[PDB]
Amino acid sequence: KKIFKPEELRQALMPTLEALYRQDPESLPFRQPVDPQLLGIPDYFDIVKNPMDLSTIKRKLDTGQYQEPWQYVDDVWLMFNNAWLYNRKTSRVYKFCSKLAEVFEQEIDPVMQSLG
């Protein structure tokens, strides 16, 4: 029954999202929604039914869509899980995803401990 105001969540969590944006080159596939037609992967939405990317998560943070820290974390991991699902383990995007997940863990673990 602990209440998290949107400003407090945003202040605590936005640095962890910024760390993902900063990661170069590995965030490049993740900074915008997947465009299946433009990227040449027209079957994408046949596999990924709940797309998620950094810019969608940022907008939800900026508009107070997350009431709890774990709701933000779940969207970050939805982005990772989509990329590990759609892309082969031998592929650029799967490998970039794996790196982003390691970066996110380093950032989010201390923020969680201090948020409760």
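Numbers for residues come from their place in the sequence shown, where the first is 1. We call the rigid core the largest set of C-alpha positions that still match within 1.5 Å between the two forms.
For 35-43 versus 70-78, the mean Cα distance to the shown form in 7 other deposited structures of this protein after rigid core alignment is larger for 35-43.
Set 66-74 against 50-58 and average the Cα temperature factors; 66-74 ends up higher. Between 104-112 and 5-13, the higher mean Cα B-factor belongs to 5-13. Out of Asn81, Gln32, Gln37, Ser91, it is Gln37 whose C-alpha atom has the highest B-factor in the PDB entry. Sort the chain's modelled residues by C-alpha temperature factor and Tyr86 lands in the lowest third, per the entry.
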